[PDB]
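[1] No letters, just coordinates:
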Ligand SMILES: O=P(O)(O)Oc1c2c(c(OP(=O)(O)O)c3c1[C@H]1C[C@@H]3c3cc4c(cc31)[C@H]1C[C@@H]4c3ccccc31)[C@H]1C[C@@H]2c2cc3c(cc21)[C@H]1C[C@@H]3c2ccccc21
Ligand SMILES: O=P(O)(O)Oc1c2c(c(OP(=O)(O)O)c3c1[C@H]1C[C@@H]3c3cc4c(cc31)[C@H]1C[C@@H]4c3ccccc31)[C@H]1C[C@@H]2c2cc3c(cc21)[C@H]1C[C@@H]3c2ccccc21
Ligand SMILES: [Cl-]
Ligand SMILES: [Cl-]
């Protein structure tokens, strides 16, 4: 790789500087380099990886939506289709890269439950992004790959984590978005979101000092989605 | 070039779609392709060229400032200097490209006064951006190149345009920023900004329907700078 000659510690240091400069493509490329050294990621390093790639595909998804909607209003030439296809191909490339890193280096049968749930949630998120732009018989394959990763993550977090854990809360929030937008199961989405909120409020005594901010933010987002789906 | 096989009309169409999707790198590359066909740009096309490249270098300048300030707080390793140099080199590449297009294709002895002033202002803006990151004896050469382009633009706009013309107003606004930030002449900056505002207000009867929005915006920015420099 292009980062093969740089020290692991230097790549992590530069990913942080790229975050502060809002240079998210650079950030993602530095973290890919770090992962390719073959060592495990710390809790802090996992978050750098996630923030980098989330910001890159987020910008691609927003552009793809603007162009896809303009394309449909034509019903002008081949130009809109051509440019929409170009952004699509680039988005698919980024998703394939992240999923490649998850299968090659990061997902393991061992490690703590925080680690395994984090990478399986990530695996679900990026199959979900591929599902938003797919159409064929492969779309059905992609949706079942997303559901499967999300469901194994849910099973582990119910056994191993308290209901106020922010990784458990975020997982359930995104899996409920999967139900509503991709699976067309709005009842199953509403249900999952309400019980996630309710079960956290019933066992507030488990709330940790170090994740008061993160957990609270995700509770508000769960409620905002329920307001919208009523 | 990479856009050599595409029709002129298709490149202009795709630059507009890229604007709507906030894909400013694509936008700039499509407009470079359009310029390289060798025909003049319309008023609307000139604005597409300007908006594309302004947005690209704007993001680079903001990152360069965040990293340059972090670097100075070290007084930790070579990592901050190395990454700051990388963003700098990339910023200089974009400025050289724009200045190359201006000298090769766009700046002419003929054409209307709106055209000539527009490209000379652009020439000043991008030498100004190179001056922000330069240090040596070449910095002095770069500042004099910026002043010279800006001054020839001012001379033409005073003879050929009314004092409420938004291209004339924008030119003077940016030339006053050049005085304050790059030339360290805060008196000369304050003076130019006040007389630009005052002379527009004295001759309000020249204000055009098609530029009421643009001219008004730039008047407010001239006043906001004066509030700051008092
Ligand atoms: O240092 P931490 O334990 O990791 O948590 C704090 C943070 C921060 C803190 O200070 P700051 O937000 O003024 O910049 C704090 C904390 C701890 C110490 C201080 C703070 C303040 C507060 C809480 C925890 C913390 C509880 C009570 C108060 C608060 C407001 C909103 C939600 C949760 C809380 C920064 C840095 C970090 C943080 C996180 C966020 C945000 C900002 C921060 C933004 C985006 C996200 C967030 C969630 C909810 C509301 C607003 C935000
Ligand atoms: O169609 P145009 O003649 O080119 O001008 C109008 C515009 C627009 C118009 O509608 P909009 O701003 O509600 O979206 C208008 C015009 C003409 C017709 C309507 C409008 C409204 C107004 C004016 C001119 C126009 C004068 C009086 C009122 C106004 C408010 C602020 C500054 C100047 C004006 C859009 C599109 C365009 C425009 C430009 C701007 C903006 C928005 C627009 C933003 C960013 C910049 C701006 C400058 C000052 C304040 C706010 C803005
Ligand atoms: Cl294209
Ligand atoms: Cl670097």
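    Sure, I can see it. Residues are numbered from 1 along each chain as shown, chains lettered A, B, ... in the order given. Ligands and ions are numbered 1, 2, ... in the order given.

[2] And the helices in chain A?
    Assigned helices in chain A, in chain order: A:8-20, A:24-35, A:43-72, A:79-101, A:113-133, A:137-160, A:166-177, A:186-202, A:212-228 (criterion: DSSP state H).

[3] Next, format the ones you listed as a markdown table and append distance to chain B.
    Every residue, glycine included, has its C-beta placed from N, CA and C. Output for the helices of chain A, formatted as a markdown table (distance: least, CB to the nearest CB, whole Å):
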| stretch | distance to chain B |
| --- | --- |
| helix A:8-20 | 5 |
| helix A:24-35 | 8 |
| helix A:43-72 | 4 |
| helix A:79-101 | 5 |
| helix A:113-133 | 15 |
| helix A:137-160 | 24 |
| helix A:166-177 | 23 |
| helix A:186-202 | 29 |
| helix A:212-228 | 24 |
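
[4] Please name the nearest non-neighbouring residue to the residue nearest the centre of chain A.
    Centroid-nearest residue in chain A, with CA atoms, centre = their mean: residue A:125, separated by 3.8 Å. Closest residue to residue A:125 in three dimensions, ignoring its sequence neighbours and counting by CB to CB, 6 or more residues apart in numbering or on different chains: residue A:174, at 6.1 Å.

[5] That neighbour - how many residues pack around it?
    Residue A:174 has 16 neighbours, counted by other CB atoms under 10 Å in any protein chain shown.

[6] One more: the one 3 residues further on?
    As a burial measure, the neighbour count of residue A:177 was computed by other CB under 10 Å and equals 17.

[7] Hmm, it is touching residue A:189, no?
    Yes: Residue A:177 is within contact range of residue A:189, at 7.5 Å (criterion: CB atoms under 8 Å).

[8] Quick check: residues of chain A near ligand 3?
    Within chain A, the positions near ligand 3 by CB under 5 Å from the ion are A:82-83, A:86.

[9] Output these in JSON lines; the columns should cover distance to residue B:78.
    JSON lines is the format used below for those (distance: CB to CB, whole Å):
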{"residue": "A:82", "distance to residue B:78": "44"}
{"residue": "A:83", "distance to residue B:78": "41"}
{"residue": "A:86", "distance to residue B:78": "38"}
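
[10] By neighbour count, which of the residues you listed wins?
    residue A:83 (23 neighbours).

[11] hang on, that residue packs against residue B:14?
    Yes: Residue A:83 lies in contact with residue B:14 (CB under 8 Å); the separation is 5.5 Å.

[12] Out of the residues of chain A next to ligand 3, which is nearest to ligand 2?
    Nearest to ligand 2 among the residues of chain A next to ligand 3 is residue A:83, at 23.7 Å by CB to the nearest ligand atom.

[13] can you tell me how far the nearest residue to residue A:111 once chain neighbours are set aside sits from residue A:106?
    Of all residues not flanking residue A:111 in the chain, residue A:40 sits nearest, at 7.2 Å (CB to CB, 6+ apart). Residue A:40 sits 9 Å away from residue A:106, going by CB to CB, to the nearest Å.

[14] And for residue A:187?
    From residue A:187 to residue A:106 the distance is 34 Å (CB to CB).

[15] more crowded one of the two?
    More neighbours surround residue A:106 than the other of residue A:187 and residue A:106, with 20 against 10 (other CB under 10 Å).

[16] from what I can see that one touches residue A:120, true?
    No: using CB under 8 Å, residue A:106 makes no contact with residue A:120, being 10.1 Å away.

[17] Chain neighbours aside, what residue packs nearest to residue A:90?
    residue A:60 (6.4 Å).

[18] so who does the one you found touch?
    Residue A:60 sits next to A:87, A:90-91, A:94 when contact means CB atoms under 8 Å, 6 or more residues apart in numbering or on different chains.

[19] closest point of chain A to ligand 2, which residue?
    residue A:66 (18.0 Å).

[20] Please work out how many residues are found near that residue.
    Residue A:66: 18 neighbours (other CB under 10 Å).

[21] Quick check: chain neighbours aside, which residue is closest to it?
    That would be residue B:21: by CB to CB, 6+ apart, it lies 4.6 Å from residue A:66.

[22] And the one you found, how close does it get to residue B:30?
    Taken as CB to CB, the span from residue B:21 to residue B:30 is 12 Å.

[23] Pick out whichever of the two has more residues nearby.
    residue B:30 (26 against 22).

[24] I figured that one hits residue B:7, correct?
    No: the criterion here is CB under 8 Å, and residue B:30 misses it with residue B:7 at 11.6 Å.

[25] and the spatially closest residue to residue A:153 that is not a sequence neighbour, how far is that from residue A:94?
    The spatially closest residue to residue A:153, leaving aside those adjacent along the chain, is residue A:120, at 4.0 Å (CB to CB, 6+ apart). From residue A:120 across to residue A:94, the span is 19 Å (CB to CB).

[26] Mind checking which of those two has more residues around it?
    Of the pair residue A:120 and residue A:94, residue A:120 is the one with more neighbours under other CB under 10 Å, namely 23 against 17.

[27] that older thread, for residue B:192, see how far away the residue nearest to residue A:90 is.
    Residue A:60 is 43 Å from residue B:192, by CB to CB.

[28] Up against ligand 1, what does chain A have?
    A:210, A:212-213, A:216-217 (CB under 6 Å from any ligand atom).

[29] Now for the residue lying closest to residue A:30 once chain neighbours are set aside, how many residues are close by?
    Once flanking residues are discounted, residue A:30 sits nearest to residue A:15: 4.1 Å by CB to CB, 6+ apart. Here the count is done by other CB under 10 Å, and residue A:15 has 24 residues near it.

[30] do residue A:122 as well
    Neighbour tally, residue A:122, other CB under 10 Å: 24.

[31] Could you do residue A:49 as well?
    24.

[32] If we ignore the residues flanking it in sequence, what's nearest it?
    Nearest non-adjacent residue to residue A:49 (CB to CB, 6+ apart): residue A:31, at 4.7 Å.

[33] give the contact list for the one you found.
    A:11, A:15, A:45, A:48-49, A:52-53.
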